[PDB]
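One structure is given below, encoded as structure tokens.
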Amino acid sequence: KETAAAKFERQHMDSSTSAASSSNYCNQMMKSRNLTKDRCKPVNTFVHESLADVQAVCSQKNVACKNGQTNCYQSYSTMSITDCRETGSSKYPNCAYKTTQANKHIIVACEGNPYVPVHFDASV
């Protein structure tokens with residue numbers, strides 16, 4: 001089965017670009033990372049930082065997760081991210097997104113040994 005750590009990398013890591021490439025980026029990436037296979041996933045964030053820098057967030061500021069669990073962590077530094085947001089006119093299987101870049105602190109949930117990101121909770 002795909003591991004939880006690998007699923008986070010597939011859904012949320014894009015270190016090959018420094019920023020929300022193009023207006024096409026979320027349309028291409030939501031499809032290529034398999035987030036439009038079963039339905040249009042409504043919102044998703046990609047992080048444009050190294051894998052090591054995202055993994056290191058699991059040792060940074062401990063914050064409450066939106067679900068009330070305690071295993072979330074906020075990055076001390078801002079990170080380059082792209083938020084993808086399904087358009088009003090998007091109909092599966094032709095899932096359409098708006099691409100918006102930001103520089104924000106990320107909040108991730110971490111689990112396991114090694115203790116690594118398994119969930120993207122929020123950006124602030």
Side-chain angles (χ1 to χ4, degrees), residues 2-124:
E2 175 178 50
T3 69
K7 179 176 182 179
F8 174 92
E9 292 186 42
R10 176 172 58 84
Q11 296 192 151
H12 298 298
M13 287 300 304
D14 187 19
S15 323
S16 237
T17 54
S18 61
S21 178
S22 79
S23 64
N24 303 315
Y25 173 87
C26 290
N27 293 334
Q28 293 166 358
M29 287 290 291
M30 294 296 290
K31 184 171 172 59
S32 66
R33 299 301 186 80
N34 275 172
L35 311 183
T36 68
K37 182 185 152 213
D38 297 357
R39 68 205 267 264
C40 307
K41 179 175 194 196
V43 301
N44 190 68
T45 302
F46 293 101
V47 184
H48 317 300
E49 297 292 350
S50 71
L51 182 61
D53 281 352
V54 178
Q55 288 176 153
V57 177
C58 295
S59 292
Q60 295 179 23
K61 183 182 174 186
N62 188 208
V63 299
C65 300
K66 285 171 172 170
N67 68 7
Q69 297 293 108
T70 61
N71 62 311
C72 282
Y73 300 87
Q74 182 172 311
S75 63
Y76 291 119
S77 297
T78 68
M79 294 189 168
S80 170
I81 66 173
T82 305
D83 294 319
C84 300
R85 173 184 213 164
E86 188 179 21
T87 64
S89 63
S90 174
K91 303 277 180 198
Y92 178 92
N94 299 122
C95 303
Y97 294 90
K98 187 44 266 127
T99 301
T100 197
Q101 174 60 207
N103 293 275
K104 299 222 172 148
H105 306 275
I106 67 169
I107 302 176
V108 296
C110 303
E111 290 181 330
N113 181 207
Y115 196 63
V116 295
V118 295
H119 166 93
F120 191 94
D121 209 43
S123 70
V124 299

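No hydrogens, no waters, no symmetry mates; every other heavy atom, side chains included, goes into these values. Quick note: residue numbers are just sequence positions, from 1.
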Q: Give a yes or no on this: more than 12 heavy atoms of other residues, nucleotides or ligands lie within 6.0 Å of atom NZ of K7.
A: no

Q) Between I106 and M79, what is the shortest heavy-atom contact and its length? A) CD1-SD, 3.6 Å

Q. For the residue pair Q74 and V57, what are the closest heavy atoms and their distance?
A. C-CG1, 3.9 Å

Q) Would you say the side chains of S75 and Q60 form a donor-acceptor pair under 3.5 Å? A) no

**Q.** Test item: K31 side-chain N/O and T36 main-chain N/O as donor-acceptor pair under 3.5 Å
**A.** no

Q: Return yes if a side-chain donor-acceptor contact under 3.5 Å exists between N44 and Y97, otherwise no.
A: no

Q: Tell me, with the steps shown, if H48 and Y25 meet ring-ring contact (aromatic ring centres under 6.0 Å, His included).
A: CA-CA 13 Å; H48 317 300; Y25 173 87; 5.8 Å; yes

**Q.** Test item: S80 side-chain N/O and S18 main-chain N/O as donor-acceptor pair under 3.5 Å
**A.** yes

Q. If we only count heavy atoms from C-beta on, is the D14 to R33 side-chain gap below 4.5 Å?
A. yes

Q.
Could you tell me if the side chain of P117 sits less than 4.5 Å from the side chain of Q55, heavy atoms only?
A. yes

Q. Roughly how far, to the nearest 0.5 Å, is the CD atom of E86 from the SG atom of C26?
A. 11.5 Å

Q. If you draw a 6.0 Å radius around NZ in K41, do more than 12 non-hydrogen atoms from other residues or ligands fall strictly inside?
A. yes

Q | Donor on one side chain, acceptor on other, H105 and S123, under 3.5 Å | A | no

Q | Value rounded to 0.5 Å, distance of SG in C84 from NZ in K98 | A | 8.5 Å

Q | Sidechain-backbone polar pair: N71 side chain, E111 backbone, donor-acceptor under 3.5 Å | A | no

Q.
Between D83 and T100, is there a side-chain donor-acceptor contact under 3.5 Å, judged purely by atom types and distance?
A. no

Q.
Going by side-chain contact (heavy atoms from CB on, under 4.5 Å), name the residues that satisfy it together with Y92, two or more places apart in sequence or in a different chain.
A. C40, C95

Q. Considering only heavy atoms from C-beta outward, does the side chain of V63 approach that of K61 to under 4.5 Å?
A. yes

(Q) Here's a test for you: under side chain to side chain contact (heavy atoms under 4.5 Å, CB included), which of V108, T45, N67, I107 qualifies with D121? (A) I107

Q) Can you name the closest pair of heavy atoms from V54 and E49 and give their distance? A) CG2-CB, 4.1 Å

Q) Quick check: are there more than 12 heavy atoms from other residues, nucleotides or ligands sitting under 6.0 Å from CZ of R10? A) yes

**Q.** ring-ring contact (aromatic ring centres under 6.0 Å, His included) against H12, all qualifying residues, sequence neighbours excluded
**A.** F8, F120

Q. Are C72 and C110 close enough that their SG atoms are less than 2.5 Å apart?
A. no

Q) Rounded to the nearest 0.5 Å, how far apart are CZ of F46 and OG of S15? A) 12.0 Å

(Q) Show the nearest heavy-atom pair for residues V118 and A5, with the distance to one decimal. (A) CG1-N, 4.3 Å

Q.
For the residue pair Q28 / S32, report whether a side-chain donor-acceptor contact shorter than 3.5 Å exists.
A. no

Q. Looking only at atom types and distance, does a side-chain atom of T78 sit under 3.5 Å from a main-chain N or O of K104, one as donor and one as acceptor?
A. no

